[PDB]
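Chemist: Once you've had a glance at the structure underneath, I'll fire off some questions.
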Amino acid sequence: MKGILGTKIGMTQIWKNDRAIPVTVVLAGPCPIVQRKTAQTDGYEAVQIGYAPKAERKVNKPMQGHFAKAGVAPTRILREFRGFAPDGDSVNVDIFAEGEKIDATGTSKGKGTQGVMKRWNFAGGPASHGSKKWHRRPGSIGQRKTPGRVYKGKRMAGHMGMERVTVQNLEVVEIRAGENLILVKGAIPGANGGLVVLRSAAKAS
Amino acid sequence: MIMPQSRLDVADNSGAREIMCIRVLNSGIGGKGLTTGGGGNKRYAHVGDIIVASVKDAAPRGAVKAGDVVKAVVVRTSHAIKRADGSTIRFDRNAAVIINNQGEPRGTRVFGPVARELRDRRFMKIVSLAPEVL
Amino acid sequence: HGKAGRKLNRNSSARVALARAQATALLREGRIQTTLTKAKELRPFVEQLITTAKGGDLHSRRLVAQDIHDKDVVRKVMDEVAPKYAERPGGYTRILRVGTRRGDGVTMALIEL
Amino acid sequence: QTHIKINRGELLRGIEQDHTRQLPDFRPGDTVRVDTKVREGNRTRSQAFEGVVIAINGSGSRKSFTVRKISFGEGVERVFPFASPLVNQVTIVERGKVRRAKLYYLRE
Amino acid sequence: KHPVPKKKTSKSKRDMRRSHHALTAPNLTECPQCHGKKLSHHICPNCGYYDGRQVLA
RNA sequence: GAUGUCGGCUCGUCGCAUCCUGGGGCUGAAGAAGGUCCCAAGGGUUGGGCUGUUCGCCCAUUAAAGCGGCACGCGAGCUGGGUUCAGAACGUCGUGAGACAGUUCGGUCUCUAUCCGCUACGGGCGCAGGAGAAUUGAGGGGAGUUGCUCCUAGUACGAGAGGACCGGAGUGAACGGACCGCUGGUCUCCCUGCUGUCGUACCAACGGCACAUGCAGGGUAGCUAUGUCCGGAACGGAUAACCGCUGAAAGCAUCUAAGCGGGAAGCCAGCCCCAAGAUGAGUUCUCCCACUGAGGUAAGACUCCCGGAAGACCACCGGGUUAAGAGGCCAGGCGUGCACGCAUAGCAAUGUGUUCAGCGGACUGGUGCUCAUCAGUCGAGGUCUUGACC
RNA sequence: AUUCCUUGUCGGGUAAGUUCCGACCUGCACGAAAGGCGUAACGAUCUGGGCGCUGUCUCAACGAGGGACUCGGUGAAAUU
RNA sequence: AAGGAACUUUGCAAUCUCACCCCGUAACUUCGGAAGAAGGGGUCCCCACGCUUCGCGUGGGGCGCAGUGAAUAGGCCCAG
Ligand SMILES: CO[C@H]1C[C@@H](C)O[C@@H](O[C@@H]2[C@@H](C)[C@H](O[C@H]3C[C@@](C)(OC)[C@H](OC(C)=O)[C@H](C)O3)[C@@H](C)C(=O)O[C@H]([C@H](C)[C@@H](C)O)[C@H](C)[C@H](OC(C)=O)[C@@H](C)C(=O)[C@@](C)(O)C[C@@H]2C)[C@@H]1C
Ligand SMILES: [K+]
Ligand SMILES: [K+]
Ligand SMILES: [K+]
Ligand SMILES: [K+]
Ligand SMILES: [K+]
Ligand SMILES: [Mg+2]
Ligand SMILES: [Mg+2]
Ligand SMILES: [Mg+2]
Ligand SMILES: [Mg+2]
Ligand SMILES: [Mg+2]
Ligand SMILES: [Mg+2]
Ligand SMILES: [Mg+2]
Ligand SMILES: [Mg+2]
Ligand SMILES: [Mg+2]
Ligand SMILES: [Mg+2]
Ligand SMILES: [Mg+2]
Ligand SMILES: [Mg+2]
Ligand SMILES: [Mg+2]
Ligand SMILES: [Mg+2]
Ligand SMILES: [Mg+2]
Ligand SMILES: [Mg+2]
Ligand SMILES: [Mg+2]
Ligand SMILES: [Mg+2]
Ligand SMILES: [Mg+2]
Ligand SMILES: [Mg+2]
Ligand SMILES: [Mg+2]
Ligand SMILES: [Mg+2]
Ligand SMILES: [Mg+2]
Ligand SMILES: [Mg+2]
Ligand SMILES: [Mg+2]
Ligand SMILES: [Mg+2]
Ligand SMILES: [Mg+2]
Ligand SMILES: [Mg+2]
Ligand SMILES: [Mg+2]
Ligand SMILES: [Mg+2]
Ligand SMILES: [Mg+2]
Ligand SMILES: [Mg+2]
Ligand SMILES: [Mg+2]
Ligand SMILES: [Mg+2]
Ligand SMILES: [Mg+2]
Ligand SMILES: [Mg+2]
Ligand SMILES: [Mg+2]
Ligand SMILES: [Mg+2]
Ligand SMILES: [Mg+2]
Ligand code: NA
Ligand code: NA
Ligand code: NA
Ligand code: NA
Ligand code: NA
Ligand code: NA
Ligand code: NA
Ligand code: NA
């Protein structure tokens, strides 16, 4: 249900009680509400929400027009949510509590054109027994005269990375209201300064 | 870590000097004796982990002789072990303690500092024979 | 990935003898034309070299001599150029791209002080 | 991906100075760390490690040091977070004369 | 040679392939000094200016 | 006028006559452990000794270490151990040249993909105006394993010993996704040390070559599993074997013909990702608009430049002087670990002080010192019919 | 190196050995100049075991350089 | 990193080893040899003294992780 947008700032050490908890700092800047998607007026229930602030000199006339309807301030990023529909704007306070589990999603770092050993784990071949197919290079791709063809959606070299990724059940260690900061036990995908979306625990234990 | 084929030093007077790993188990000690393994993989024996192994070089006059298949518990790895406070421990050599199906030491005493995940793993008697618990 | 920090065109001794040779050249001649890439690569190296030499301490000089193996030039940068560049924050080097070439079809450019 | 105007360095410091702890000026030579050991159910033990510092890795929360002891004819290195809450105090036993920041040669 | 093609290719196909080979026309500018057409962010190869005059005519 | 042979390695996918988990009936099923049959292919199905082996036996484990198919799958993917080339030898048949139910040592496995097929990524056009951005989801893929312990409870059960289904909690293995804070790896010139030789006239200090880092020690960012974080599920609908309710034909009986219920790791949905070229091309917010006789133009974008945790090229993101984008510069962090020079001590090699020194790639900020100047190209005036509304 | 039956039987080494070593014997089909048996030394020979060491493996990572990729210049081939 | 032949037809390949001095060196043997078996130690700089000259020996002292400091450089053994 509820959630917000922020920036991955980094990972650091942090003891809680008597144990060393690795955490990942996230800036959940205040998020304005720019549009209310009513199912009646649209077709589904949702809320549009903005993040990084932009200079009006950089904002398209149309986009300015959009922002004027609610009249907050031009922002660089907009996204939507579900079942979320409160009043005012979207600060992580009251939203997330320390101890609550959360689904943290973002765009991974991408690795470009990675082989199969990297991409799909694979296993490649013997490095000593006399080859020409060391490191990677896959084995075969099919069978033979039967379906003389390779299966749709199979394991080959490709673009690894740049994917939407959602990690589930992360613990909210600490929350600094006013500094608009939040700490999350463990690692979140994507790079520092990356966009992250922190959503309520969807289907949890 | 620990894995089969991997020669260890014996931290006890069970008779055995150096023993080679035969297979890594899943240290199922508790309740009555030692229990059946939490699986047939596990590729590395951590500390406080029960492994099976063969005696390779043992001393003349002792409870255990060369060629003997026997289970032992790992007391000292060169791989580093991370404690929950955040600290870290590691020993210059890898050693174990030969035991029996009840998990008790075949020797009369232990030689050298034993880990401490051993206490966690409920290896009370080992910790008993042990000089220090680092 | 590949999120490092420098350029390479050949090996390790190379990029060096290069940056050095070219730095020397520019310092000596005040402006040279070269490939826009080689120029880009030279800019910061040489800027930094002015800043070293821009110290006056015999140390700073003996530092500079590690790169500039030409004495007349070390003296130039040391006693003439550095001094002059004393009031300006940092780095007076600029690049002007001329145009494409005929031999290999590579865009050329001028680096100068 | 987002391009906010904000110093992240300072941001991290802010959430890390609350977990930073300053120790005696050691660098070479020996040390005795008196550590608590309360993970024994209820009883709280105290053990001392005394050895030769050989590591000054990190800073802030992440800062730590590696000390090496020979205990019962067997080599032993420990690694301590300056800020570990299972560490009471640390004392310099004596200072040492060395020419580099590591000492990974004391192992042979 | 393992890398041999089965049949010769058709004029049609062999041209469809080439439907991505058209060079882009250099977008040229008018030089505000010697009214000659030059290459953006470069130096007018004619008069030699670029905000005041740098290269030798 | 050629369909390359065994085994392995690599990579898969499918059948069900099901090795393990799941649900059942029956028992010579007390319990616990089993036997047998029926339903059920979601996932899983370990590592080693010998042998070319496929098999098979053995060591040590496991819930389990299933059986087959795909040209006994897979050599324009690898190997070349086995087997039908040329050498040699033994046994052996033959007078011989030679031969094989034999055994043995040795013996070249061919850089470029046209088309289809597959993985990644762009260009065009379409989607009845030209544009910026937010999206529903028809559909499609991924995922799918499982042990042990504790509680229930030492209860039901049983002479005893032994010892539960159900339910409720913890912790592992292997696997996968992400991540780089920790632990470590690497870090091809970031710092230091060392040797021989050559040079900067010599001394001192340095540079080069000894690798495509001379050698050694260490190491930031980045990248990285052996490190860490998380996941498999709950709920729900319809079912399989099977188990029941009401209940006729056999005015008894009966899960069955009408009707209904319960019930599997399976199916559908749920979870993660893609997805309007879903040519039936969808929805919402906002902007410029009613020129001119194909072309000036608006909104808007492109080219060009400077870069980037984006990347083969394209593409994607940021910035482009109303500027903090990169470099430089400043400060700081971090790495190296005490510079040159001078002074002192010593016959000297060295030591000590100045000196928490000096040097410096990637890190974190600040600052208009440099370059992003100037300018060009492209880009709407929105078909028709029917219906409704003022 | 003659072995078929056969991975023969026992012992040695190994946690586990079809090959290897030592014996025995039923030598399918050993045998004294197509020499029998043994032998120090020798061997880029063939077989088995051990020590040390290691990316050969568990299991891959990082780094470098030369190509692969881009632009300009020159521009083939088998095949069909 | 940890492990160290688990790889595999086979340690294939690639490591370890590596010069010169000193100590020391098995079975077996045709007494020549096996042998450089194996294994261990040394190795730089300065000063003084000594000697047979480029050096070397002895003693004392100094520096580094390391002193054939870079290059050239045997891995060994048992058995058939
Ligand atoms: C049915 O399909 C088969 C039929 C078979 C009889 O023949 C094969 O093809 C043969 C060929 C590939 C050779 O394969 C070898 C090894 C082997 C293991 O099989 C893989 C077999 O060997 C055995 C079993 O002992 C095999 C007998 O022989 C190959 C290695 C070469 O020698 O390549 C060589 C070299 C690369 C060249 C480029 O130097 C040239 C290509 C080649 O030679 C010459 C001299 O050029 C070429 C010019 C030529 O003469 C040819 C055209 O006839 C091809 C050959 C006949 C066919 C595929
Ligand atoms: K480190
Ligand atoms: K005859
Ligand atoms: K769907
Ligand atoms: K290698
Ligand atoms: K070309
Ligand atoms: Mg094929
Ligand atoms: Mg077909
Ligand atoms: Mg070189
Ligand atoms: Mg044909
Ligand atoms: Mg053919
Ligand atoms: Mg069936
Ligand atoms: Mg039962
Ligand atoms: Mg073998
Ligand atoms: Mg067949
Ligand atoms: Mg086949
Ligand atoms: Mg062969
Ligand atoms: Mg012949
Ligand atoms: Mg040969
Ligand atoms: Mg093609
Ligand atoms: Mg699906
Ligand atoms: Mg992964
Ligand atoms: Mg870091
Ligand atoms: Mg000279
Ligand atoms: Mg000198
Ligand atoms: Mg030279
Ligand atoms: Mg030379
Ligand atoms: Mg050279
Ligand atoms: Mg190095
Ligand atoms: Mg993992
Ligand atoms: Mg430099
Ligand atoms: Mg900066
Ligand atoms: Mg036999
Ligand atoms: Mg035996
Ligand atoms: Mg005769
Ligand atoms: Mg010869
Ligand atoms: Mg073996
Ligand atoms: Mg591999
Ligand atoms: Mg690489
Ligand atoms: Mg090591
Ligand atoms: Mg070793
Ligand atoms: Mg094997
Ligand atoms: Mg070899
Ligand atoms: Mg060398
Ligand atoms: Mg050699
Ligand atoms: Na270089
Ligand atoms: Na299956
Ligand atoms: Na097996
Ligand atoms: Na199969
Ligand atoms: Na080929
Ligand atoms: Na080539
Ligand atoms: Na249960
Ligand atoms: Na035997």
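We name chains A, B, ... following the order of the structure tokens; residues begin at 1 in each chain, and ligands are numbered from 1 as shown.
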Could you tell me, counting only C-alpha atoms (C1' of nucleotides) and all ligand atoms, which protein and nucleic acid residues lie no more than 10 Å from ligand 34, written as a PDB file with N, CA, C and O atoms (P, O5', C5', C4', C3', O3' and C1' of nucleotides), in the first residue's frame?
Modeler:
```
ATOM      1  N   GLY B  67      44.427 -44.924   9.253  1.00  0.00           N
ATOM      2  CA  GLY B  67      43.464 -45.597   8.401  1.00  0.00           C
ATOM      3  C   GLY B  67      42.061 -45.663   8.965  1.00  0.00           C
ATOM      4  O   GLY B  67      41.161 -46.296   8.393  1.00  0.00           O
TER       5      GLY B  67
ATOM      6  P     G G  11      43.057 -61.274   1.840  1.00  0.00           P
ATOM      7  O5'   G G  11      44.549 -60.717   1.830  1.00  0.00           O
ATOM      8  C5'   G G  11      45.498 -61.161   2.787  1.00  0.00           C
ATOM      9  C4'   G G  11      46.891 -60.693   2.446  1.00  0.00           C
ATOM     10  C3'   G G  11      47.082 -59.196   2.341  1.00  0.00           C
ATOM     11  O3'   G G  11      47.218 -58.562   3.589  1.00  0.00           O
ATOM     12  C1'   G G  11      48.073 -60.222   0.472  1.00  0.00           C
ATOM     13  P     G G  12      46.965 -56.984   3.710  1.00  0.00           P
ATOM     14  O5'   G G  12      48.081 -56.373   2.744  1.00  0.00           O
ATOM     15  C5'   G G  12      49.459 -56.392   3.110  1.00  0.00           C
ATOM     16  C4'   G G  12      50.273 -55.467   2.231  1.00  0.00           C
ATOM     17  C3'   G G  12      49.754 -54.041   2.118  1.00  0.00           C
ATOM     18  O3'   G G  12      50.198 -53.213   3.172  1.00  0.00           O
ATOM     19  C1'   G G  12      50.217 -54.887  -0.047  1.00  0.00           C
ATOM     20  P     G G  13      49.162 -52.244   3.911  1.00  0.00           P
ATOM     21  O5'   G G  13      49.067 -50.995   2.913  1.00  0.00           O
ATOM     22  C5'   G G  13      50.215 -50.208   2.611  1.00  0.00           C
ATOM     23  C4'   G G  13      50.018 -49.389   1.355  1.00  0.00           C
ATOM     24  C3'   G G  13      48.775 -48.518   1.318  1.00  0.00           C
ATOM     25  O3'   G G  13      48.939 -47.296   2.011  1.00  0.00           O
ATOM     26  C1'   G G  13      48.943 -49.720  -0.708  1.00  0.00           C
ATOM     27  P     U G  14      47.902 -46.878   3.163  1.00  0.00           P
ATOM     28  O5'   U G  14      46.629 -46.417   2.337  1.00  0.00           O
ATOM     29  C5'   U G  14      46.714 -45.342   1.417  1.00  0.00           C
ATOM     30  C4'   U G  14      45.382 -45.078   0.766  1.00  0.00           C
ATOM     31  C3'   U G  14      44.169 -45.264   1.661  1.00  0.00           C
ATOM     32  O3'   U G  14      43.909 -44.165   2.509  1.00  0.00           O
ATOM     33  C1'   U G  14      43.794 -46.358  -0.400  1.00  0.00           C
ATOM     34  P     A G  16      40.287 -48.696   2.490  1.00  0.00           P
ATOM     35  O5'   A G  16      39.482 -48.836   1.130  1.00  0.00           O
ATOM     36  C5'   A G  16      38.178 -49.401   1.135  1.00  0.00           C
ATOM     37  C4'   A G  16      37.335 -48.894  -0.005  1.00  0.00           C
ATOM     38  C3'   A G  16      37.950 -49.002  -1.392  1.00  0.00           C
ATOM     39  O3'   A G  16      37.787 -50.291  -1.949  1.00  0.00           O
ATOM     40  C1'   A G  16      37.011 -46.848  -1.091  1.00  0.00           C
TER      41        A G  16
END
```
Chemist: Identify, counting only C-alpha atoms (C1' of nucleotides) and all ligand atoms, the protein, DNA and RNA residues located within 8 Å of ligand 23, and give them as a PDB file with N, CA and C atoms (P, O5', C5', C4', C3', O3' and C1' of nucleotides), in the first residue's frame.
Modeler:
```
ATOM      1  P     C F 180      26.603  -1.247  -3.999  1.00  0.00           P
ATOM      2  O5'   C F 180      27.706  -1.653  -2.941  1.00  0.00           O
ATOM      3  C5'   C F 180      27.617  -1.225  -1.594  1.00  0.00           C
ATOM      4  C4'   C F 180      28.745  -1.777  -0.771  1.00  0.00           C
ATOM      5  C3'   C F 180      30.155  -1.370  -1.219  1.00  0.00           C
ATOM      6  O3'   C F 180      30.979  -1.250  -0.065  1.00  0.00           O
ATOM      7  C1'   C F 180      29.975  -3.711  -1.215  1.00  0.00           C
ATOM      8  P     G F 181      31.200   0.162   0.691  1.00  0.00           P
ATOM      9  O5'   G F 181      30.691  -0.159   2.169  1.00  0.00           O
ATOM     10  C5'   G F 181      30.623   0.841   3.165  1.00  0.00           C
ATOM     11  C4'   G F 181      30.242   0.253   4.506  1.00  0.00           C
ATOM     12  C3'   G F 181      31.071  -0.938   4.979  1.00  0.00           C
ATOM     13  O3'   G F 181      32.325  -0.588   5.529  1.00  0.00           O
ATOM     14  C1'   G F 181      28.817  -1.482   5.189  1.00  0.00           C
ATOM     15  P     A F 221      37.443   1.740  -1.069  1.00  0.00           P
ATOM     16  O5'   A F 221      36.835   2.407  -2.359  1.00  0.00           O
ATOM     17  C5'   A F 221      36.354   3.730  -2.336  1.00  0.00           C
ATOM     18  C4'   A F 221      36.177   4.227  -3.732  1.00  0.00           C
ATOM     19  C3'   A F 221      35.405   3.310  -4.647  1.00  0.00           C
ATOM     20  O3'   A F 221      34.012   3.407  -4.461  1.00  0.00           O
ATOM     21  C1'   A F 221      37.342   4.068  -5.739  1.00  0.00           C
TER      22        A F 221
END
```
Chemist: Name the closest residue to chain H among the candidates A:58, A:129, A:19, A:118; distances are taken between atoms, counting only C-alpha atoms (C1' of nucleotides).
Modeler: A:129
Chemist: Could you report the residues within 12 Å of ligand 19, using only C-alpha atoms (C1' of nucleotides) and all ligand atoms, as a list in words?
Modeler: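 Listing the residues within 12 Å of ligand 19 gives residues 105, 106 and 107 of chain F; 44, 45 and 46 of chain G.
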Chemist: Keeping only N, CA and C atoms (P, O5', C5', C4', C3', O3' and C1' of nucleotides), write those residues as a PDB file, in the first residue's frame.
Modeler:
```
ATOM      1  P     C F 105      48.820 -49.311 -23.655  1.00  0.00           P
ATOM      2  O5'   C F 105      50.064 -48.626 -24.394  1.00  0.00           O
ATOM      3  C5'   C F 105      51.302 -48.424 -23.723  1.00  0.00           C
ATOM      4  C4'   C F 105      52.368 -47.840 -24.639  1.00  0.00           C
ATOM      5  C3'   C F 105      51.969 -46.630 -25.463  1.00  0.00           C
ATOM      6  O3'   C F 105      51.959 -45.418 -24.754  1.00  0.00           O
ATOM      7  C1'   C F 105      53.001 -48.158 -26.876  1.00  0.00           C
ATOM      8  P     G F 106      50.990 -44.247 -25.263  1.00  0.00           P
ATOM      9  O5'   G F 106      51.484 -44.022 -26.752  1.00  0.00           O
ATOM     10  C5'   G F 106      52.736 -43.408 -26.999  1.00  0.00           C
ATOM     11  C4'   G F 106      52.922 -43.056 -28.450  1.00  0.00           C
ATOM     12  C3'   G F 106      51.808 -42.258 -29.114  1.00  0.00           C
ATOM     13  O3'   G F 106      51.813 -40.878 -28.760  1.00  0.00           O
ATOM     14  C1'   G F 106      52.474 -43.995 -30.542  1.00  0.00           C
ATOM     15  P     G F 107      50.439 -40.032 -28.761  1.00  0.00           P
ATOM     16  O5'   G F 107      50.117 -39.890 -30.323  1.00  0.00           O
ATOM     17  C5'   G F 107      51.039 -39.245 -31.202  1.00  0.00           C
ATOM     18  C4'   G F 107      50.689 -39.458 -32.667  1.00  0.00           C
ATOM     19  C3'   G F 107      49.282 -39.076 -33.103  1.00  0.00           C
ATOM     20  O3'   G F 107      49.094 -37.695 -33.331  1.00  0.00           O
ATOM     21  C1'   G F 107      49.750 -41.215 -33.888  1.00  0.00           C
TER      22        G F 107
ATOM     23  P     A G  44      65.813 -39.531 -23.697  1.00  0.00           P
ATOM     24  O5'   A G  44      64.433 -38.773 -23.468  1.00  0.00           O
ATOM     25  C5'   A G  44      64.135 -38.172 -22.213  1.00  0.00           C
ATOM     26  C4'   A G  44      62.959 -37.230 -22.307  1.00  0.00           C
ATOM     27  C3'   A G  44      61.689 -37.832 -22.867  1.00  0.00           C
ATOM     28  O3'   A G  44      60.917 -38.492 -21.880  1.00  0.00           O
ATOM     29  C1'   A G  44      62.180 -35.860 -24.061  1.00  0.00           C
ATOM     30  P     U G  45      61.194 -40.039 -21.548  1.00  0.00           P
ATOM     31  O5'   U G  45      61.224 -40.710 -22.988  1.00  0.00           O
ATOM     32  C5'   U G  45      60.068 -40.677 -23.818  1.00  0.00           C
ATOM     33  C4'   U G  45      59.579 -42.067 -24.170  1.00  0.00           C
ATOM     34  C3'   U G  45      58.418 -42.606 -23.347  1.00  0.00           C
ATOM     35  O3'   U G  45      57.157 -42.143 -23.795  1.00  0.00           O
ATOM     36  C1'   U G  45      60.112 -44.256 -23.510  1.00  0.00           C
ATOM     37  P     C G  46      55.960 -41.959 -22.749  1.00  0.00           P
ATOM     38  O5'   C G  46      55.664 -43.456 -22.309  1.00  0.00           O
ATOM     39  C5'   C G  46      54.853 -44.296 -23.114  1.00  0.00           C
ATOM     40  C4'   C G  46      54.535 -45.581 -22.410  1.00  0.00           C
ATOM     41  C3'   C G  46      53.924 -45.433 -21.030  1.00  0.00           C
ATOM     42  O3'   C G  46      52.532 -45.251 -21.056  1.00  0.00           O
ATOM     43  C1'   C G  46      55.685 -47.002 -20.955  1.00  0.00           C
TER      44        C G  46
END
```
Chemist: Near residue E:42, counting only C-alpha atoms (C1' of nucleotides), which residues have an atom at most 7 Å away, once you skip same-chain residues fewer than 3 positions from it, shown as a ChimeraX atom specification?
Modeler: /C:96-99 /E:39
Chemist: Can I get the residues close to ligand 45 as a ChimeraX atom specification, where close means within 10 Å and we count only C-alpha atoms (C1' of nucleotides) and all ligand atoms?
Modeler: /H:17-18,72-74
Chemist: Produce a file of the selected residues containing N, CA, C and O atoms (P, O5', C5', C4', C3', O3' and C1' of nucleotides), as a PDB file, in the first residue's frame.
Modeler:
```
ATOM      1  P     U H  17      60.615 -21.719  -5.142  1.00  0.00           P
ATOM      2  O5'   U H  17      61.485 -22.952  -5.614  1.00  0.00           O
ATOM      3  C5'   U H  17      61.888 -23.939  -4.691  1.00  0.00           C
ATOM      4  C4'   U H  17      62.739 -24.980  -5.360  1.00  0.00           C
ATOM      5  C3'   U H  17      64.032 -24.471  -5.988  1.00  0.00           C
ATOM      6  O3'   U H  17      65.093 -24.386  -5.039  1.00  0.00           O
ATOM      7  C1'   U H  17      62.876 -25.935  -7.488  1.00  0.00           C
ATOM      8  P     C H  18      66.010 -23.060  -4.913  1.00  0.00           P
ATOM      9  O5'   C H  18      66.818 -23.074  -6.272  1.00  0.00           O
ATOM     10  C5'   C H  18      67.622 -24.194  -6.616  1.00  0.00           C
ATOM     11  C4'   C H  18      68.001 -24.179  -8.067  1.00  0.00           C
ATOM     12  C3'   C H  18      68.848 -22.998  -8.492  1.00  0.00           C
ATOM     13  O3'   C H  18      69.682 -23.391  -9.575  1.00  0.00           O
ATOM     14  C1'   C H  18      66.764 -22.903  -9.612  1.00  0.00           C
ATOM     15  P     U H  72      64.788 -14.770 -16.104  1.00  0.00           P
ATOM     16  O5'   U H  72      66.138 -15.510 -16.498  1.00  0.00           O
ATOM     17  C5'   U H  72      66.386 -15.845 -17.857  1.00  0.00           C
ATOM     18  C4'   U H  72      67.847 -16.101 -18.119  1.00  0.00           C
ATOM     19  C3'   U H  72      68.399 -17.358 -17.484  1.00  0.00           C
ATOM     20  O3'   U H  72      68.150 -18.530 -18.275  1.00  0.00           O
ATOM     21  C1'   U H  72      69.806 -15.527 -16.950  1.00  0.00           C
ATOM     22  P     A H  73      67.035 -19.644 -17.824  1.00  0.00           P
ATOM     23  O5'   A H  73      67.618 -20.205 -16.446  1.00  0.00           O
ATOM     24  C5'   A H  73      68.901 -20.824 -16.352  1.00  0.00           C
ATOM     25  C4'   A H  73      69.167 -21.279 -14.936  1.00  0.00           C
ATOM     26  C3'   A H  73      68.151 -22.274 -14.371  1.00  0.00           C
ATOM     27  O3'   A H  73      68.462 -23.610 -14.681  1.00  0.00           O
ATOM     28  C1'   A H  73      68.358 -20.483 -12.870  1.00  0.00           C
ATOM     29  P     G H  74      67.313 -24.600 -15.177  1.00  0.00           P
ATOM     30  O5'   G H  74      66.426 -24.836 -13.864  1.00  0.00           O
ATOM     31  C5'   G H  74      66.895 -25.605 -12.767  1.00  0.00           C
ATOM     32  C4'   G H  74      66.871 -27.093 -13.058  1.00  0.00           C
ATOM     33  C3'   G H  74      65.569 -27.840 -12.731  1.00  0.00           C
ATOM     34  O3'   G H  74      64.636 -27.838 -13.802  1.00  0.00           O
ATOM     35  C1'   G H  74      67.376 -28.924 -11.684  1.00  0.00           C
TER      36        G H  74
END
```
Chemist: Do you know which residues are at most 8 Å from residue D:79 counting only C-alpha atoms (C1' of nucleotides), after dropping those on the same chain fewer than 3 positions away, and could you put them as a PyMOL selection string?
Modeler: (chain B and resi 87-89) or (chain D and resi 64-67)
Chemist: Hey, can you spit out that residue selection with N, CA and C atoms as a short mmCIF file (atom, residue, chain, number, x, y, z; two decimals), in the first residue's frame?
Modeler:
```
data_model
loop_
_atom_site.label_atom_id
_atom_site.label_comp_id
_atom_site.auth_asym_id
_atom_site.auth_seq_id
_atom_site.Cartn_x
_atom_site.Cartn_y
_atom_site.Cartn_z
N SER B 87 33.15 -8.34 15.48
CA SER B 87 34.58 -8.64 15.55
C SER B 87 34.88 -9.81 14.66
N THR B 88 36.15 -10.24 14.63
CA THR B 88 36.57 -11.36 13.77
C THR B 88 37.74 -12.15 14.36
N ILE B 89 37.76 -13.46 14.13
CA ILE B 89 38.79 -14.31 14.72
C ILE B 89 39.33 -15.13 13.58
N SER D 64 38.70 0.11 12.53
CA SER D 64 39.07 -1.07 13.30
C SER D 64 40.58 -1.35 13.29
N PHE D 65 41.01 -2.38 14.03
CA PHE D 65 42.41 -2.77 14.06
C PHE D 65 42.61 -4.26 14.27
N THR D 66 43.71 -4.75 13.75
CA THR D 66 43.98 -6.18 13.83
C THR D 66 45.16 -6.41 14.76
N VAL D 67 44.97 -7.27 15.76
CA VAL D 67 46.05 -7.59 16.72
C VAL D 67 46.42 -9.07 16.65
#
```
Chemist: Taking into account only C-alpha atoms, which residue in the set A:199, A:61, A:144, A:16 is nearest to residue A:174?
Modeler: A:16
